[PDB]
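So the chains spell out like this:
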Amino acid sequence: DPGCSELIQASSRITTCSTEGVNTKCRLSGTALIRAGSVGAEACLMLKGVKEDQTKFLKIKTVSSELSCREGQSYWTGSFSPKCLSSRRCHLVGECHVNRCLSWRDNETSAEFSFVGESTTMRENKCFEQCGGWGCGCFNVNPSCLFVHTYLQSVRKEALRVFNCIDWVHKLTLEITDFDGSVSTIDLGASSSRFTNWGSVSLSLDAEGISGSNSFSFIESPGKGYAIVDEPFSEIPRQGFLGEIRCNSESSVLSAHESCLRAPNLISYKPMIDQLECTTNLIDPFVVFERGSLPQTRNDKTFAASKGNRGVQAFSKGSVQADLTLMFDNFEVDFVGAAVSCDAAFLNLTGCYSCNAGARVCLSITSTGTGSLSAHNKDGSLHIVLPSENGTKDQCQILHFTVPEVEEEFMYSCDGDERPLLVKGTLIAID
Amino acid sequence: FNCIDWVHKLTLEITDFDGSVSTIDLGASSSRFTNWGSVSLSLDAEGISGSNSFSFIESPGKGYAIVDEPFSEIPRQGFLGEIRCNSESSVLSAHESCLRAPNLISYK
Amino acid sequence: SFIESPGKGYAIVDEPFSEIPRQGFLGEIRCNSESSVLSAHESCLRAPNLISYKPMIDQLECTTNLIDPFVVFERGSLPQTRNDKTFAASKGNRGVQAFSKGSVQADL
Amino acid sequence: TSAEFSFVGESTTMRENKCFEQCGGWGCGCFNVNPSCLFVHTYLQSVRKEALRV
Amino acid sequence: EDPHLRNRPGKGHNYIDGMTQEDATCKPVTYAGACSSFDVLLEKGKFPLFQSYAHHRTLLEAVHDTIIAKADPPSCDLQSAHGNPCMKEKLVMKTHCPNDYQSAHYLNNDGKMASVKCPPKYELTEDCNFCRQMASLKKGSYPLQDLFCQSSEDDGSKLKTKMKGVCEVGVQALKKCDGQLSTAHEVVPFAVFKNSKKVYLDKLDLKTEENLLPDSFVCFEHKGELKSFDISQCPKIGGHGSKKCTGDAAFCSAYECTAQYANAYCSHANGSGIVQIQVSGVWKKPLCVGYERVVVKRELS
Amino acid sequence: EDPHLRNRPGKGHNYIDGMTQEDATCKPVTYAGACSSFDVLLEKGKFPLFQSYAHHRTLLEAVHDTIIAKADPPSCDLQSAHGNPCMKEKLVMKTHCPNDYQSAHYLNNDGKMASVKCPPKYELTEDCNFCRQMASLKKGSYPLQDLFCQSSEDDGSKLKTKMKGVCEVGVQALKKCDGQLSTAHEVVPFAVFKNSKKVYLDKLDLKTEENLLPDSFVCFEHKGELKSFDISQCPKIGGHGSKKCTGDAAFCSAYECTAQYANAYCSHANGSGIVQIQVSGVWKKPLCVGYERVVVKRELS
């Protein structure tokens, strides 16, 4: 919500441009370190030029402190239902004999089911022998054969992506506003770097990092939510455990293709001469998803999901001190037009001093066009960066002070004409 | 067979709208498919363990048996399970597809 | 784990050596020479599916969580003081030079 | 290597191809109601001028 | 095991009203002749269901044996405009007929025998839905489905199509759907009984039993080899017969064996008997089991 | 699928000025005829992008359809006197023109139609940058780029080349520089719009948006075997029409199907419609998209 707080000046060693047809253009190519703001504070960059009003800002807003989980191994799973097909045949009839049902293979295509066709789904064939003679339908006393063709098929319309985590990485959500106004929403973690159209960003220095999640397995449910399960990650699929049928995508689970992995002897068969009752002991993950669901408090930490984006987030009581870097890979910034004038006013000043929270300043800006109002003191120690619009709009940010009785005369401007603005207020001592 | 986990099983019989009555069972988070859809245990309350060193023997039509030893994973002589197969016909007819212990016959 | 930067300096990281390149870790994409990294050759070993994709029918996003080594190089860098030794860089050639205490008792 | 990116040809770069399915019908651009397919060709490059020998 | 594919019990006829040009080599169907409506049923890789079930009766043989009725009209002409009763079901059925063909028979919703015919001198397309222009033409019909039947009189008019979670399939209207109806041409099983409509299926549970009817046994002679001998001239248990014939336990258990006094060796048909199906937990005797590639609209939303 | 690589929609004119002697075998372009300016586009291993997008319009077809203008002069005289209009754009282009060729066409900077021609009795070399004297020569040209066009009227003159880390690509002078610039022959895409310049890009994001257009459907007939049929005779919805045609849902949604009464079957073309590109953070409808091997000047240090 507030504006910038930590403002730095761009050096001339990483800025080079010219002017063609009354069009001052600049280019950024280098690396500039900047201090990260607090919860809600912003960190912008001042980009000057050959005049005074030709100035564009590069703001970076910090949402809050988060403790994301470092993912690694994952697998898709869901619900499945078998489909068994019985076909009893007497002995010495085609391929239904004693020298075939004993050495029958699962991937061996049966001749009796040869009219089924080729399918890319999980299927299996068996040959359960039965009693012969004239009491059940056989011209010989040899035991009859039972051709079984069972294929798995899905009954649900969604899948779950079960993943784990071995370390907790401190993640910071940053909403970066560029020079022209192209807003973006990214995030950083430990030493990660995001590639943006203007270059890249990376977390320079942090001061938060916990560990303790090897005995926890998370379940991802896109469109509904997440889930927490208190068990180690399933590496080997087996019958009777959460995660017996794994795949690689959601469509592979909804279609039950043969490209996934499964455990042998999973489908149970109960033949009754002519009947065939084959069922499976599949563990429904929706039950555990209904039981355990984020947010959940484990030991002394609060686990939850993310706001908008997909990902697990852990909340606690971290620090706030952090450093950031800015990499410019030769970006061009133009400024054809020019900014207009605008008057500023003082509304209120509520906050603190000598603390990371700062002081919340509230001002009133009255202008006629879209511009960028900026104020500065006399000794060159504090700066005010506030975007101006058309009409009368109030703008407040977070400032830093060291004395309780704040009373300083500032100089605000929007196009090259500076005007005084005496501000005052009483703050509280917050460490 | 063996057993590495214990699930609180709940035997439930089903009485549908027309009058079809079946007999199924549930446990933990298992789900059974019925003609009217499916059923699953939403919440449980039990679940013990401690059977990795116990091997069970299934005898259809006669009964079961309990043996105080781990599951036989390597077919070897002098132990319960020196000659195994895959089905009942492979044992009643001595099929060569089953696994046996290397050199288990003493020749003199 | 040490990081060599010829022409700029060295770096020290307090972690064991990574044998298998894991995603989201310092050193997930390895190679054999400098040209294999500056040109991204197919002979270099990298972590499986480390690239995140976000398709939107017509649009297509793809972000990566690659750990920037220059950040750690800026954080930890020689000289450093650990336990009781004075870890420093080279003074002429190349190689990490650790400094300690003691006289001279050697024969050539 | 899919035929849709057959214009790329042979290359010694760590590249990969994916196939993310999308919705079909007249709302996206297809005459059939079946879900459509998306061909992805992602390759990695180096935006730096130096490397590190760990 | 036994090479008895062309041996058709009963009448063994393959001709329909309108395409009786092959009546010379189609009535009956012996080991010789070139019948266009029987060769494609023996090709490896086409219809293996008839290959595994050779000792049965096809749709045409069922019509000739007063089992399956004939539609009206029996031969739907593909020349008359403004449509005709034989398009709303043919257009929604993805088939594939080879070159040089005129008529094409298939099963309709009413359980009768339908067939499309092109006027001379026209032929069919690559799918058999429409007609087009082109050598000679195969004067006959091509099986569009993978069905079979047998001789029975089991009633089954109180059973309709179930298919849980399916909007509309083929030409029947199970329920009024309004959400996302997934349309995909897929194969669908079916088992039409007697005096019933096209009853679709989901899972197949077929059983085979030993039959004692004369239309389920063979009896060949050895001349100076093999020779087609009719089993109707065989004796009975305690009766009297003109000719003699021997056999095994299945032949001697129902007839009479004369040991060396016989002149023809008989045996059981390798792939016959009474084949029943399980419908709604009841083992009924079907009359038209097979697959057909039709439109499958499954409820997605 | 859909083997319609030679069936070019629209007029189908593949001949450039200066070498208009192939009018009999290149105007129009059908399944028959031997055109040297169209066969090399169908060779496996040369231009696979045209093989993937073979259901659109080429650059020459776009010129003949009053979409892409021509340069002045359109035919670059290879035997001029100290330079000619079309030399710097040709030296930086690394191609491999086959032997027995004379003309070579490509896209210039202004987006017009570029081409060079050698008078008899000359021919091109191994790279097409020079010529010599010579069996029988070709009667056409050779495409030096891998581009395609379509029918569009959208304006895009407010977009220029914005490449990252590139100082001078091809012949366009982007940004200034005087340090170490690496010189190498690499592949670079290009998408010329309408009333604009040759804009270069780094990544290609093309999407297909099918609709209802007469140039996106193929209608064939059957005679005494498939035969090419003119789609212009297809009747409209409540409009005019002579012959009858039918097809699937997309072909019948804009025309009128008469079931089996129609005498022509049509279907949708494989890869056609409105193919848009992602540029400047927005989707646009370009008029030329392709690749070309040119010189890339990057800032090494």
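Residues numbered from 1 in each chain as written, not as in the entry; some residues may be left out. Chains lettered and ligands numbered in written order. Part of a larger assembly, values for the part shown. Heavy atoms only, no water. Residues with missing side-chain atoms left out of burial classes, pairs and counts.

What the entry reports as its method is cryo-EM, with 13.3 Å given for the resolution.

**Student:** Teacher, can you tell me more about the interface of chain D and chain C here?
**Tutor:** When the parts of a complex come together, some accessible area is lost, and that lost area is often taken as the interface size. The partner chain C presents 23 residues to the 22 residues of chain D that form the contact. Per element, the largest residue contribution to the side of chain D that touches chain C is 3 residues, and it comes from strand β1 (residues 15-19) of chain D. When grouped by side-chain class, the residues that make up the side of chain D that touches chain C number 8 nonpolar, 7 polar and 7 charged. (Contact = heavy atoms within 4.5 Å. Helix = DSSP H or I, 4+ residues; strand = E, 2+ residues; numbered from the N terminus. Nonpolar A, V, L, I, M, F, W, Y, C, P; charged D, E, K, R; others polar.)

**Student:** Explain the arrangement of the chains here, please?
**Tutor:** Contacts are most numerous between chains C and D, considering all 11 pairs of chains that are in contact. The two units chain C and chain E are non-contacting; their minimal C-alpha-C-alpha distance is 19 Å.

**Student:** Sorry if this is basic, but what is going on with the sheet that holds strand β6 (residues 59-69) of chain A here?
**Tutor:** All names here are of chain A. The strand order across the open sheet formed by 6 strands is β13-β12-β6-β22-β21-β20, and the pairing between neighbours is antiparallel. Looking at strand neighbours, the two that pair on one side only are β13 (183-189) and β20 (296-298), the edges of this open sheet. On average, adjacent strands in this sheet sit at an angle of 40° to one another, irrespective of strand direction. (Pairing = 2+ DSSP bridges. Axes fitted to C-alpha atoms, helices over the stretch in contact; angles between N-to-C directions.)

**Student:** Sorry if this is basic, but what is going on with the nonpolar core here?
**Tutor:** Buried together is how nonpolar side chains tend to be arranged in soluble globular proteins. Residues and elements named next belong to chain A. Core analysis: the largest hydrophobic core is formed by 22 residues, its most contacted members being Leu 174, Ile 176, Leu 324, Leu 326 and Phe 328. Only β3 (24-35), β4 (45-47), β12 (168-177), β13, β15 (199-205) and β23 (323-335) provide two or more residues apiece to this core. With 4 residues, the top contributor of residues to this core is β23. Not counting chain neighbours up to four residues away, the residues in contact with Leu 324 comprise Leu 33, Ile 34, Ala 36, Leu 174, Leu 188, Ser 202, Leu 203 and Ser 204. (Core = buried A, V, L, I, M, F, W, Y, C linked by side-chain atoms within 4.5 Å. Buried < 20%, exposed > 50% of the residue type's maximum accessible area, 1.4 Å probe, protein only.)

**Student:** What is the right way to read the packing of aromatic side chains from this model?
**Tutor:** Ring pairs (aromatic) are described by centroid distance and by the angle formed between their planes. Within the structure shown, the criterion is met by 24 aromatic pairs over all chains. Geometrically, the ring pair formed by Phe218(A) and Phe303(A) is edge-to-face, given 6.3 Å between the ring centres and 70° between the ring planes. Residue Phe218(A) is found in strand β16 (residues 217-221), and its partner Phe303(A) is found in strand β21 (residues 301-304); the two are separated by 85 residues along the sequence. By the burial criterion, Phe218(A) is buried, and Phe303(A) matches it. Measuring from ring centre to ring centre gives 5.1 Å for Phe251(F) and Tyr255(F), while their planes differ by 90°; the resulting arrangement is edge-to-face. Both residues of the pair, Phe251(F) and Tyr255(F), belong to the buried class. In this structure an aromatic cluster arises from ring pairing among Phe163(A), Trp168(A), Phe218(A) and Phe303(A). We note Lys207(E) situated over the ring of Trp283(E); from NZ or CZ to the ring centre the distance is 5.4 Å. Over the ring of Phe190(F) we find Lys198(F); its NZ or CZ atom is 4.6 Å from the centre of that ring. (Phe/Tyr/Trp six-rings, centres within 6.5 Å; stacked < 30°, edge-to-face > 60°. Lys NZ or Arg CZ within 6 Å of the ring centre and 35° of its normal.)

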